[PDB]
Amino acid sequence: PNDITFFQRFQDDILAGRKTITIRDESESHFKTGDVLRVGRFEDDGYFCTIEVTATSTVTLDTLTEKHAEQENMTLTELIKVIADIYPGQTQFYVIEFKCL
Ligand SMILES: Nc1ccn([C@@H]2O[C@H](CO)[C@@H](O)[C@H]2O)c(=O)n1
Ligand SMILES: [Mg+2]
């Protein structure tokens, strides 16, 4: 079973180490530094890697930074657009920093 999923269009970015954080809402605020997590694709729940959580922090819509976007391998405009679709109306988020094992 997978502990967490990503949209499959992020799979290669994660395996290549271009994406090293993910921004989630309260439903995934329980992941914490030192967790070792099985990761699957959102679309088919297919496993593709195991990650280690290396850091966590809280962030809000109005405190997301260019650097958060860079670590998501996005522009900031791109990151805000994805959040507006995935977490409509939400402002409180949780940063999970990780590495692919
Ligand atoms: N920063 C983020 C936030 C969410 N997600 C994907 O969207 C699903 C629903 O939140 C999540 O389960 C996850 O698959 C993502 O890929 N990257
Ligand atoms: Mg959109």
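Only the coordinates and a few stated rules stand behind these numbers; no lab work does. FYI the Cβ positions are ideal-geometry reconstructions off the backbone, even for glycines, and counts take in every protein chain you see.
Details
- Among the residues making up the stretch 4-28, those that are loosely packed, with under 15 Cβ neighbours inside 10 Å, of a type outside the set (A, V, I, L, M, F, W, C) and away from ligand 1 (no atom under 11 Å from the Cβ) are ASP12, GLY17, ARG18, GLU26.
- Per the conditions (1) among the acidic types (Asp, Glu); (2) closer than 20 Å to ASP12 by Cβ; (3) away from ligand 1 (no atom under 13 Å from the Cβ); (4) over 13 Å from the mean Cα position of the chain (by Cα), the sole criterion not satisfied by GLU70 is (4).
- Considering residues of the stretch 78-97 that are of a type in the set (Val, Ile, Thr) and away from ligand 2 (no atom under 15 Å from the Cβ) only, the residue farthest from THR20 (Cα to Cα): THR91
- Top-ranked residue in the stretch 43-77 [being in a strand (DSSP E or B) and of a type in the set (A, V, I, L, M); ranked as nearest to ligand 2 (Cβ to nearest atom)]: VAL59
- Among the residues here, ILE83 does not qualify as under 14 Å from the mean Cα position of the chain (by Cα), among the aliphatic types (A, V, I, L, M) and outside any helix (DSSP H, G or I).
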